[PDB]
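A.B. asks: Would you mind keeping the following structure in view while I ask a few things?
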There are 4 protein chains.
Amino acid sequence: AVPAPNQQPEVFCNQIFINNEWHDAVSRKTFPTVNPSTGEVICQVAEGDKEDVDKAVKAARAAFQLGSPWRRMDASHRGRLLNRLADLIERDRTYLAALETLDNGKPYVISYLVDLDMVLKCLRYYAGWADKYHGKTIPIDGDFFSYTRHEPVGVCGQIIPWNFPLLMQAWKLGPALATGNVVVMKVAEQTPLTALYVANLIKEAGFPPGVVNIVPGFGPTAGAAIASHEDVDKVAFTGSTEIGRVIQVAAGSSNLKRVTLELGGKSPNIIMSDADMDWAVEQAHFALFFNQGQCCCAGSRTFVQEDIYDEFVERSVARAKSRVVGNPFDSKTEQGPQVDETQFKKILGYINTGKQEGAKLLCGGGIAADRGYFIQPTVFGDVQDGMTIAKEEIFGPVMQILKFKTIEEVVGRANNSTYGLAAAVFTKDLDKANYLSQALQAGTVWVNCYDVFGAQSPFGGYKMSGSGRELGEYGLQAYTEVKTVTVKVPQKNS
Amino acid sequence: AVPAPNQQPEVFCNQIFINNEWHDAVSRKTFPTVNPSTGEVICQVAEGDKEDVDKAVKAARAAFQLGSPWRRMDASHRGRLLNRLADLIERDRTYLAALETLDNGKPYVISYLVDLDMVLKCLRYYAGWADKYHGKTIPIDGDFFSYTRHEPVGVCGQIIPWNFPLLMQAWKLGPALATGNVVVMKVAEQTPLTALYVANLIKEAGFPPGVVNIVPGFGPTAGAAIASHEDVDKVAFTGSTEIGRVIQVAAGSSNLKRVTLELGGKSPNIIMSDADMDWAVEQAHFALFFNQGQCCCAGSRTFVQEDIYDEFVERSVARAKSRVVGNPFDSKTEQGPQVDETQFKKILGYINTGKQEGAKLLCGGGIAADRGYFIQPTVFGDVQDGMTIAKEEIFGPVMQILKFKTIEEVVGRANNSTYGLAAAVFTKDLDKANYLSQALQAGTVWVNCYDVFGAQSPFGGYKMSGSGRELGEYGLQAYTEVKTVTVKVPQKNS
Amino acid sequence: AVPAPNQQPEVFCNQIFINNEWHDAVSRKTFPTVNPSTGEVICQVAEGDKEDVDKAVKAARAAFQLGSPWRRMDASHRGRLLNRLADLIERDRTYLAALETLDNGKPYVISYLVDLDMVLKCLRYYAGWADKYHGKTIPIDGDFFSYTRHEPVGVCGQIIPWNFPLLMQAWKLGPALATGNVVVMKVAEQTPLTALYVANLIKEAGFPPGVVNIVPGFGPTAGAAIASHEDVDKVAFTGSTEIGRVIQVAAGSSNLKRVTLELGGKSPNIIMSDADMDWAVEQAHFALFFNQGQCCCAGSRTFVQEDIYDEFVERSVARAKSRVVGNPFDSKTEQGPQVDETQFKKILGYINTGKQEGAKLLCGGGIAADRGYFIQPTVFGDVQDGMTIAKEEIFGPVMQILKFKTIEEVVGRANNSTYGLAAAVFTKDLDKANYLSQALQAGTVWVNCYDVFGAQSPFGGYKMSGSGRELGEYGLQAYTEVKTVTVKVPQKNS
Amino acid sequence: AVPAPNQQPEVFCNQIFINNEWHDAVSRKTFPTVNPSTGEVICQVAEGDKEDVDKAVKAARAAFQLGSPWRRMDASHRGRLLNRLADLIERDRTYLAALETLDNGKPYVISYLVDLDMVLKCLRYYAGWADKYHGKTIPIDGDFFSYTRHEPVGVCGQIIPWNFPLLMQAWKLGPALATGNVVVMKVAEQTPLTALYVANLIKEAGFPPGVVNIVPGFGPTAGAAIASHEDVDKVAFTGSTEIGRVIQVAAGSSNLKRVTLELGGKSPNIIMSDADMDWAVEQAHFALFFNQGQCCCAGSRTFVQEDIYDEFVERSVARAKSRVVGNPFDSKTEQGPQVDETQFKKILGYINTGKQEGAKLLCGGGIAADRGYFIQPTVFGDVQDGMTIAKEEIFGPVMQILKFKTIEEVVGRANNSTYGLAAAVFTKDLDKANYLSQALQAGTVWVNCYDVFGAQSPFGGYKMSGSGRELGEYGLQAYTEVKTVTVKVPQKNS
Ligand SMILES: O=c1c(-c2ccc(O)cc2)coc2cc(O[C@@H]3O[C@H](CO)[C@@H](O)[C@H](O)[C@H]3O)ccc12
Ligand SMILES: O=c1c(-c2ccc(O)cc2)coc2cc(O[C@@H]3O[C@H](CO)[C@@H](O)[C@H](O)[C@H]3O)ccc12
């Protein structure tokens with residue numbers, strides 16, 4: 001039930017957002033953001049750098065001062081504000097979904113039904129938490145009354161990637177604002193537009209100036225400035241494992257700001273011989289190909305028990321061959337372009353590595369159109385653990401299918417990775433499902449499904465897939481600083 | 001009610017502890033540990049380095065393998081084991097208190113009545129948590145059953161300082177073991193002995209081999225090896241802010257292991273004009289001078305409202321002058337030696353800086369004996385915020401007294417620091433107490449008391465005094481890795 | 001900032017509400033509801049009895065069937081629905097506040113600014129809980145996976161009084177609906193109208209039929225039918241202690257349905273000699289006189305320390321004398337009529353008892369107008385604990401002022417009661433505040449304030465003032481039935 | 001690994017236990033307790049009545065006075081005391097197990113390995129909770145600091161049955177003492193001895209006098225006195241649904257004391273066609289026959305899918321026939337006598353009713369020896385839902401086997417009962433397991449197991465099987481009274 005999109009939405013916001021006002025970079029520099037479907041420049045965007053970050057941080061610090069409107073505001077009112085923002089986003093849903101597709105490349109039907117819905121659910125969920133994250137009264141030894149305050153951690157730097165621009169913004173703003181923090185946010189140069197428009201809505205909703213500040217720009221500049229800033233209390237970063245390390249090192253080298261990381265993965269999707277064949281095949285397809293394969297938790301290692309391997313591979317290849325690649329604004333399109341040229345080439349490079357290393361190319365394997373960054377849905381069979389495409393995050397429409405015999409075997413192989421973001425298990429058997437879900441070293445284990453996200457269930461990596469959790473009650477922890485208050489009393493009684 | 005101490009306890013453990021066995025360093029090197037009261041070498045200790053740490057980590061990894069005794073053991077049995085350890089420590093309480101005093105220098109009466117009691121309470125507290133830290137069942141959207149497992153984070157490197165050897169070991173082992181982790185622990189070269197003996201008790205209690213491993217040695221070697229290790233999942237460090245940064249950088253540079261830090265402070269102790277004079281004076285004395293001034297949360301900035309300043313200073317100086325410095329085994333001794341020569345000199349250097357910068361030396365200010373590292377209880381009056389001794393952690397028997405007028409003023413001054421470990425407020429007024437406890441940026445705010453610790457109340461730093469919390473339920477968080485399991489079900493019902 | 005009221009709002013709903021439809025009583029009987037300001041009949045209302053209750057219960061049971069729209073609905077959607085209801089109530093705020101005043105008698109300014117705001121905050125608060133009340137995953141001994149589901153308790157009978165018609169409905173509906181229960185609600189015969197209109201909004205908001213059912217009528221009929229019903233799972237009752245006992249007896253005599261009770265009180269308001277005189281006097285006045293004295297937690301025993309007694313009494317009498325009694329629709333009116341003739345006479349009876357027993361009548365003491373049920377603000381001084389007006393809930397504009405000397409004395413006197421709903425302490429002293437708040441046996445202790453309610457803080461009685469709590473997270477407990485699920489697994493691991 | 005029992009343990013305690021002293025009944029009356037294996041009187045026991053209960057309540061009230069040793073004691077010390085008690089019980093384990101068997105009739109091997117182990121785990125579990133049940137600090141609207149104290153509910157009347165004498169005492173004392181309450185306990189006239197000995201241990205462990213008081217006697221006297229007492233704050237009763245109602249009525253008729261109930265059941269044990277036959281058969285046997293069939297949660301309705309019915313019945317009959325009935329002190333004995341003559345006759349009466357109503361008697365059906373109260377393991381086949389033995393709790397060695405076809409069918413039949421204590425599901429299928437566990441209306445649903453209890457997992461009834469939960473964190477709720485404290489502050493900040 002999807003409203004017709006404006007396939008060329010107007011852009012209203014393309015500057016740096018500080019104190020609820022729009023600003024050029026101090027340097028006046030700008031950078032183009034491209035439509036990945038055409039390769040054409042959509043528009044120019046203010047290129048924030050250290051000096052702009054510095055202004056944003058000072059605005060946030062000021063907004064976070066004891067006695068400020070934001071600090072004095074009732075927690076429940078923070079909730080009202082988050083709900084207002086959600087309402088405004090819903091009002092402009094059709095526009096935002098189109099803009100998202102324009103700048104990112106994902107099919108408009110998905111932007112509208114999936115990304116925007118999830119954004120709304122996330123904000124509305126966290127709205128509910130604003131006045132419900134209690135501290136404790138504690139029965140300490142001796143004649144004392146002891147309790148904890150759950151205070152905001154303070155000025156939060158938030159750095160988000162380009163694969164889910166609006167959704168990532170929501171996953172960050174929701175918990176941070178619900179718990180009374182202020183933020184300086186760096187959005188991805190590939191996809192700055194939708195986030196900037198939301199800032200307009202943040203203003204419209206009534207958030208005090210300085211509470212949310214957005215700085216578009218490049219990573220080694222604006223991003224590094226946030227990570228290294230002496231007055232940023234906490235940084236949250238979603239992106240590559242490689243940059244994640246830069247972030248944590250920067251935090252250690254600067255002011256020991258608190259850090260959470262949502263990084264990449266090479267998530268194993270395990271199909272047992274008793275799985276429902278049709279369901280497993282469609283889910284495995286979805287698990288890998290969703291969002292042009294641009295998911296950190298993509299099912300990029302499809303383990304299939306030998307007894308069903310041949311059939312599973314056949315059906316998978318057929319499903320991949322029938323997948324509709326094309327104009328993201330066309331309702332029939334299942335798969336849009338990759339986000340940019342760098343990704344485009346990286347993916348082609350990996351495909352080549354797959355060919356080179358002896359994986360069986362079963363379909364696709366090349367460019368899918370001659371404008372934009374479209375790539376054919378690609379499937380490799382007989383993939384081995386030692387192969388590059390079996391170890392490294394491809395982040396494109398490239399599926400790896402591996403064969404295994406025993407449950408003990410697949411556990412060891414699935415877990416033999418420095419990633420651990422997610423995993424899935426397809427089986428009808430109670431015991432197998434429980435054995436596997438316990439044994440897999442991943443932040444999320446899905447059973448007979450994949451990519452099931454709920455605002456109420458935490459998500460995050462084991463190992464080098466990250467640290468900390470987002471969503472659910474757990475998502476509040478990293479945005480809270482704990483204070484113990486311990487008072488002498490005349491005589492302690494139970 | 002204190003048993004007479006053996007003033008020369010025999011040493012039974014001085015090697016590296018791995019798989020419940022004692023080992024020499026691979027290099028066979030050893031290092032002397034000194035009795036700070038005499039300057040004499042107590043004994044030689046195995047000097048662990050990278051290769052030793054590597055063996056310890058492998059032992060831990062093995063003990064943490066799925067299906068291992070430690071992994072399969074009932075959570076409640078982990079609790080039994082912690083209680084057994086506490087029992088064994090209590091059995092050997094008199095010995096351990098003596099050994100603690102011998103190697104550290106703190107008065108034996110305090111070791112016995114304070115340190116060991118606190119050790120016992122910590123372990124017994126955490127024993128109770130072992131089977132009570134629940135995950136969640138979560139009402140996620142759609143036809144799914146979603147829940148979280150609270151799993152052990154895994155192999156935990158733990159690095160502890162010398163000021164509270166036994167207590168720090170307990171604050172680390174308790175939460176870690178209660179939640180089913182394994183540890184590789186680096187103890188301080190100044191104070192290795194008591195921790196090594198406890199390892200014997202850990203074996204005696206029945207903990208599986210590899211669950212707890214201890215590596216004595218130096219920081220830039222053994223410590224750095226742990227922080228940088230590729231198979232250590234989590235590191236907890238207590239020590240200086242300076243080294244804290246090294247730790248977090250090492251974590252970012254290696255495997256993105258999770259990090260918690262308990263660092264230094266320059267905690268403000270605020271005396272309002274309506275405070276109970278006698279109580280405030282005694283508590284302020286205690287707040288600073290306790291444990292030879294070797295507390296991260298020492299009340300090293302004593303702010304006194306002008307109307308009571310003169311009297312407060314007078315009484316403080318008197319109390320300081322009457323403080324008994326001497327042999328830690330003598331029941332009359334209130335203050336032993338500083339831990340070692342480096343600290344000895346650092347403190348003298350700070351005292352000199354205080355004189356140099358124009359603070360009023362009101363008493364002490366020099367060496368207190370000609371053997372060992374004894375320092376006169378020292379008090380500076382009319383201290384100004386810009387002074388070095390008002391900004392930097394001295395970690396010795398050196399009190400700073402500052403004068404202020406208004407509550408608004410003292411809040412801003414107290415908070416004007418990059419530390420934020422603790423603070424205290426002395427007042428009879430309800431409103432003043434609440435205003436201050438809310439406004440002070442510190443991990444713990446004490447009201448009309450100081451240095452009140454309870455195993456049930458969390459403790460840790462704001463700002464550069466650290467990150468994360470120890471003690472209480474909060475102490476379990478950093479030792480837990482959260483897994484979401486999300487299962488497709490036929491039809492979800494409330 | 002209050003919109004002008006329609007002083008004769010039209011009535012749209014006066015029937016029994018079942019399955020989102022309006023019905024006459026099976027008997028076709030009706031009863032008048034009166035405007036307490038004039039004594040005139042506002043309108044006729046369906047008089048529900050056992051047979052009507054029976055229909056309502058069956059509708060609720062049906063709506064609660066496994067697989068029903070209400071049972072299958074996402075928890076988060078329950079939240080959306082509660083927020084919609086809140087929105088609809090806000091839309092019709094001016095109307096509802098006027099209708100509330102018309103039927104109940106409270107000043108329209110209060111209905112609008114207080115009752116309706118509180119209604120909105122309650123519903124919006126609970127909307128937030130709907131998908132956040134987790135069960136647990138539990139580390140049980142042995143090779144099992146054990147967890148709990150927090151299920152709805154089921155069909156909930158809810159019986160509410162007349163003193164805060166809209167608010168009481170909110171306090172009941174919020175937690176019940178947030179946790180996915182269904183309700184059969186009995187509203188007070190004195191004040192049925194506003195609750196019935198809200199039922200219309202419940203329908204409009206989109207709640208499935210049968211989820212909320214309302215049955216107007218009398219207590220010994222409709223109420224008793226709910227309490228004794230064989231298919232009602234849980235009953236919540238707010239009202240007199242006397243009827244509370246009937247309710248619990250009925251539950252025990254029928255099907256052992258779960259019970260919570262919010263009953264009366266005789267709450268002590270304790271003014272220490274160091275209190276802020278002006279603040280304490282105004283708050284004490286408010287504490288007693290609010291809502292025509294018709295609050296279960298009214299501060300009906302004002303304990304004043306002897307040193308300030310005379311002045312406090314003087315100021316209190318003056319404040320009471322200046323209190324404006326009259327037409328609730330007039331913006332200048334502070335106090336409307338009592339709810340009905342029965343209460344009117346009960347109160348006059350108590351005033352007479354006060355005179356008879358030797359309390360000092362300091363002002364008021366009689367009827368305040370010759371139409372409606374208006375009573376003069378009345379103050380008794382030198383009240384003694386043994387006096388009837390010091391022991392029994394008057395529920396009218398009748399203040400008792402008692403004198404005391406010591407803190408130990410006042411504690412014992414305040415606690416010497418079979419009520420324990422609330423209490424208050426006025427003092428500037430930290431220690432006194434802490435001593436008293438710990439020692440007073442009451443569900444809520446206010447310090448330097450009174451009647452401070454927040455949707456996030458629980459409220460309920462000690463002793464015979466009730467059992468269970470409303471508001472906050474605690475309010476969810478009585479609406480939840482806990483199921484343990486314990487599953488054999490192949491091998492349990494931490 | 002079981003120590004040889006003293007088959008005639010000496011009795012040391014047979015009086016009323018008040019203030020850690022032993023007393024005769026005021027009336028000096030005594031009653032015989034019988035050995036159900038022989039029918040011989042073991043010894044005489046003080047017969048407590050109202051006057052004795054009154055003394056016990058006063059002692060408890062006194063021990064619960066503000067400032068008393070028990071009220072002032074550190075929460076953690078409560079835990080130490082519970083652990084000491086557990087230790088003492090373990091010390092006297094062999095003795096207690098024998099005495100339990102002597103008075104109750106259950107096999108000594110079971111008393112020793114099961115009952116006593118469970119007792120120890122329960123107490124040790126709750127010891128850990130003593131200082132961990134936090135209240136909350138709450139982010140309330142306005143300039144206030146609001147928090148809750150979790151206080152003890154107070155004087156707790158606890159009434160326990162005879163089927164698990166020691167275990168029931170533990171399930172009651174653990175949560176109550178851990179949370180700082182005091183108790184007056186009524187133990188069953190059939191089995192008073194072990195609970196009285198434990199009182200001796202309670203004294204030995206160091207519990208202040210009056211904290212635990214035990215009154216042996218009859219139900220309509222001592223029990224009723226507790227339920228109706230004006231100074232008992234809370235009552236917990238385990239027993240028959242019929243008496244449960246008397247208890248709740250008594251609570252409503254007296255002082256509105258808080259009530260929790262653990263009542264009977266007719267729990268369905270559902271065997272699907274894909275279940276592991278051998279496992280299901282042995283578990284179904286255990287589910288029903290354990291403890292002479294005297295478990296409230298006995299699997300007394302065994303539903304078997306038609307395709308496996310014949311085989312399942314055959315194997316069940318064989319297993320029942322081979323069950324060893326005899327002297328509970330003989331290591332070969334699987335089943336002892338029933339608890340007394342009343343039960344003996346009730347069970348025979350039910351067996352006759354089964355024959356009479358047309359159930360197929362497949363084995364047993366009569367008396368098993370001519371001394372004591374031994375009954376043949378009895379199995380009825382082709383049982384129909386309308387039969388009396390299918391509806392009423394038999395509480396003896398009498399198995400009902402019913403046949404069903406579809407999963408929808410069995411859900412409706414299993415749930416068609418006014419009981420709802422427990423249920424079980426045997427199946428290998430993931431979906432079936434999840435569907436059934438969600439749909440069954442029972443406090444505990446076991447999957448592929450039965451009678452799996454853990455101190456950490458809650459247990460209790462839906463419907464008329466009771467209200468409230470015992471064990472786990474949930475077991476603490478009914479022993480806690482919640483107080484909100486709400487303090488005016490100068491300026492509220494997040
Ligand atoms: O990969 C996904 C991420 C994500 C978020 C943060 C990261 O760092 C990485 C990935 C977030 O949401 C997702 C939703 C996805 O699919 C959608 O999932 C939702 C609910 O799970 C459904 O409403 C839709 O049917 C389905 O299209 C798939 C992948 C992701
Ligand atoms: O500073 C203290 C630390 C500590 C621990 C870790 C750190 O990193 C820094 C400090 C631990 O324990 C302490 C106990 C202290 O005092 C004792 O504290 C306890 C309770 O607080 C009392 O029972 C004793 O009487 C009192 O002397 C004072 C300071 C510290």
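Within each chain, counting starts at residue 1; across the structure tokens, chains are named A, B, ... in the order shown, with ligands numbered 1 upward in that order.
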What does the list of residues within 7 Å of ligand 1 look like if you count only C-alpha atoms and all ligand atoms, written as a ChimeraX atom specification?
C.D. replies: /A:114,164,168,238-239,262-263,290,295-298,451-454
A.B. asks: Extract, using only C-alpha atoms, all DNA, RNA and protein residues at most 12 Å from residue 138 in chain A, discarding same-chain residues fewer than 5 positions from it, and format them as number ranges by chain.
C.D. replies: A: 144-149, 484-487, 492, 494; B: 453-458, 471-474; D: 74-76, 130-137, 147-151
A.B. asks: Okay, now the selection with N, CA and C atoms, as a CSV table (one decimal), in the first residue's frame?
C.D. replies:
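This is the output file result.csv:
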```
chain,number,residue,atom,x,y,z
A,144,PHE,N,23.8,3.8,56.7
A,144,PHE,CA,23.7,4.7,55.6
A,144,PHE,C,22.5,4.4,54.7
A,145,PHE,N,22.2,5.5,53.9
A,145,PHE,CA,21.2,5.4,52.9
A,145,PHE,C,22.0,5.6,51.6
A,146,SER,N,22.0,4.5,50.7
A,146,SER,CA,22.8,4.6,49.5
A,146,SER,C,21.9,4.4,48.3
A,147,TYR,N,22.2,5.1,47.3
A,147,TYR,CA,21.4,5.0,46.1
A,147,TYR,C,22.2,5.5,44.9
A,148,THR,N,21.7,5.1,43.7
A,148,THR,CA,22.4,5.6,42.4
A,148,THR,C,21.5,6.4,41.6
A,149,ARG,N,22.1,7.4,41.0
A,149,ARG,CA,21.4,8.2,40.0
A,149,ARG,C,21.9,7.7,38.6
A,484,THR,N,26.9,7.1,42.5
A,484,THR,CA,26.4,6.6,43.8
A,484,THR,C,26.4,7.7,44.8
A,485,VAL,N,25.3,7.8,45.5
A,485,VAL,CA,25.2,8.8,46.6
A,485,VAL,C,25.0,8.0,47.9
A,486,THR,N,25.8,8.3,48.9
A,486,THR,CA,25.8,7.5,50.1
A,486,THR,C,25.8,8.4,51.3
A,487,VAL,N,24.6,8.4,52.0
A,487,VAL,CA,24.3,9.4,53.1
A,487,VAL,C,24.4,8.7,54.5
A,492,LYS,N,20.1,3.0,60.6
A,492,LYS,CA,19.6,2.2,59.5
A,492,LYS,C,18.7,1.1,59.9
A,494,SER,N,16.0,-2.0,58.3
A,494,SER,CA,15.3,-2.6,57.1
A,494,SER,C,13.9,-2.1,57.0
B,453,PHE,N,32.3,2.4,51.6
B,453,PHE,CA,32.2,1.4,50.6
B,453,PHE,C,31.3,0.2,51.0
B,454,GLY,N,30.4,-0.2,50.1
B,454,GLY,CA,29.6,-1.4,50.3
B,454,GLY,C,29.7,-2.3,49.1
B,455,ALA,N,29.9,-3.6,49.3
B,455,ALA,CA,29.9,-4.5,48.1
B,455,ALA,C,28.7,-4.3,47.3
B,456,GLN,N,27.6,-3.7,47.8
B,456,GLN,CA,26.4,-3.6,47.1
B,456,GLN,C,26.2,-2.3,46.3
B,457,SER,N,27.1,-1.3,46.6
B,457,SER,CA,27.0,0.0,45.9
B,457,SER,C,28.2,0.2,44.9
B,458,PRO,N,27.8,0.6,43.7
B,458,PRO,CA,28.8,0.7,42.6
B,458,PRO,C,29.8,1.8,42.9
B,471,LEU,N,31.8,-3.2,41.9
B,471,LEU,CA,30.9,-3.4,43.0
B,471,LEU,C,29.4,-3.3,42.6
B,472,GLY,N,28.5,-3.8,43.5
B,472,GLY,CA,27.1,-3.9,43.2
B,472,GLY,C,26.7,-4.7,42.0
B,473,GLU,N,25.4,-4.6,41.6
B,473,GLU,CA,25.0,-5.3,40.4
B,473,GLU,C,25.7,-4.8,39.2
B,474,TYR,N,26.0,-3.5,39.2
B,474,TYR,CA,26.7,-2.8,38.0
B,474,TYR,C,28.0,-3.4,37.7
D,74,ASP,N,22.7,-5.8,59.2
D,74,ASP,CA,23.0,-5.6,57.8
D,74,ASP,C,22.3,-6.6,56.9
D,75,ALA,N,21.8,-6.2,55.8
D,75,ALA,CA,21.1,-7.2,54.9
D,75,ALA,C,22.0,-8.4,54.6
D,76,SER,N,23.3,-8.0,54.3
D,76,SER,CA,24.3,-9.1,54.0
D,76,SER,C,24.5,-10.1,55.2
D,130,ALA,N,19.6,-11.6,49.9
D,130,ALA,CA,19.3,-10.8,51.1
D,130,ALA,C,19.7,-9.3,50.9
D,131,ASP,N,20.8,-9.1,50.2
D,131,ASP,CA,21.3,-7.7,50.1
D,131,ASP,C,21.3,-7.3,48.6
D,132,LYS,N,20.4,-7.9,47.8
D,132,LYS,CA,20.4,-7.6,46.3
D,132,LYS,C,19.1,-7.1,45.8
D,133,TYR,N,18.0,-7.1,46.6
D,133,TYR,CA,16.7,-6.7,46.1
D,133,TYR,C,16.4,-5.2,46.2
D,134,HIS,N,17.0,-4.5,45.2
D,134,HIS,CA,17.0,-3.0,45.2
D,134,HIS,C,15.6,-2.4,45.1
D,135,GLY,N,15.5,-1.2,45.7
D,135,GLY,CA,14.4,-0.3,45.3
D,135,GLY,C,14.8,0.5,44.1
D,136,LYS,N,14.1,1.6,43.8
D,136,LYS,CA,14.4,2.4,42.7
D,136,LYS,C,14.6,3.8,43.0
D,137,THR,N,15.4,4.5,42.2
D,137,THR,CA,15.4,5.9,42.1
D,137,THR,C,14.6,6.3,40.8
D,147,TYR,N,12.1,8.1,45.3
D,147,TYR,CA,12.7,6.8,45.3
D,147,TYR,C,11.8,5.8,46.1
D,148,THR,N,12.1,4.5,46.0
D,148,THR,CA,11.3,3.6,46.8
D,148,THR,C,12.2,2.8,47.7
D,149,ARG,N,11.7,2.5,48.9
D,149,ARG,CA,12.4,1.5,49.8
D,149,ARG,C,11.6,0.2,49.6
D,150,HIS,N,12.3,-0.9,49.6
D,150,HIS,CA,11.7,-2.2,49.6
D,150,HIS,C,11.8,-2.6,51.1
D,151,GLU,N,10.8,-2.5,51.8
D,151,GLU,CA,10.8,-2.8,53.3
D,151,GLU,C,10.2,-4.2,53.5
```
A.B. asks: As a PyMOL selection string, please: the residues near range 350-366 of chain A (cut-off 12 Å, only C-alpha atoms, same-chain neighbours under 4 positions excluded).
C.D. replies: chain A and resi 313-323+325+343-346+370+373-402
A.B. asks: Among the residues of range 79-319 of chain D, find those DSSP assigns to alpha helix (DSSP H) from the backbone and print them as a PyMOL selection string.
C.D. replies: chain D and resi 79-91+93-104+108-110+116-129+165-178+193-205+224-228+241-253+277-289+306-319
A.B. asks: Could you pull the residues within 7 Å of residue 254 in chain C, counting only C-alpha atoms, minus those fewer than 5 positions along the same chain, as a PyMOL selection string?
C.D. replies: chain C and resi 228-230
A.B. asks: Would you mind exporting the chosen residues as a PDB file, in the first residue's frame, restricted to C-alpha atoms?
C.D. replies:
```pdb
ATOM      1  CA  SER C 228     -17.877 -12.672  43.029  1.00  0.00           C
ATOM      2  CA  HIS C 229     -17.765 -13.615  39.344  1.00  0.00           C
ATOM      3  CA  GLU C 230     -16.456 -17.091  38.566  1.00  0.00           C
TER       4      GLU C 230
END
```
A.B. asks: Counting only C-alpha atoms, which residues of chain D come no farther than 7 Å from chain C, as number ranges by chain?
C.D. replies: D: 138, 140-141, 245-246, 248-249, 252-253, 255-256, 258, 442-449, 454, 456-459, 464, 467, 482-488
A.B. asks: Could you give me, as a ChimeraX atom specification, the residues within 9 Å of residue 180 in chain C, counting only C-alpha atoms and dropping anything in the same chain fewer than 2 positions from it?
C.D. replies: /B:494 /C:64,70-71,73,75,78,130,151-154,175-178,182,211,479
A.B. asks: How many Å lie between CA of residue 215 in chain D and CA of residue 185 in chain D, rounded to one decimal?
C.D. replies: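 Separation between CA of residue 215 in chain D and CA of residue 185 in chain D: 6.1 Å.
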A.B. asks: So how far away is CA of residue 293 in chain A from CA of residue 13 in chain A, in Å?
C.D. replies: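 Spanning CA of residue 13 in chain A to CA of residue 293 in chain A is a straight-line distance of 28.6 Å.
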A.B. asks: What residues in range 252-486 of chain B get the DSSP label strand (DSSP E)? Please answer as a PyMOL selection string.
C.D. replies: chain B and resi 258-262+268-271+301-305+360-363+378-381+398-404+422-426+444-447+466-467+480-486
A.B. asks: Can you tell me, as a PyMOL selection string, what residues are no more than 7 Å from range 116-128 of chain A when counting only C-alpha atoms, ignoring any on the same chain fewer than 2 positions away?
C.D. replies: (chain A and resi 79-80+82-83+86+93+97+111-114+130+166-167+170-171+174-175+178+455) or (chain C and resi 128-129)
A.B. asks: Which residue out of C:186, C:203, C:172, C:72 has the minimum interatomic distance to residue 20 in chain C when only C-alpha atoms are used?
C.D. replies: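 Going through C:186, C:203, C:172, C:72 one by one, the smallest distance to residue 20 in chain C is for C:203.
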A.B. asks: What separation in Å, quoted to one decimal, exists between CA of residue 26 in chain C and CA of residue 59 in chain C?
C.D. replies: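 One can read the CA of residue 26 in chain C to CA of residue 59 in chain C distance as 15.3 Å.
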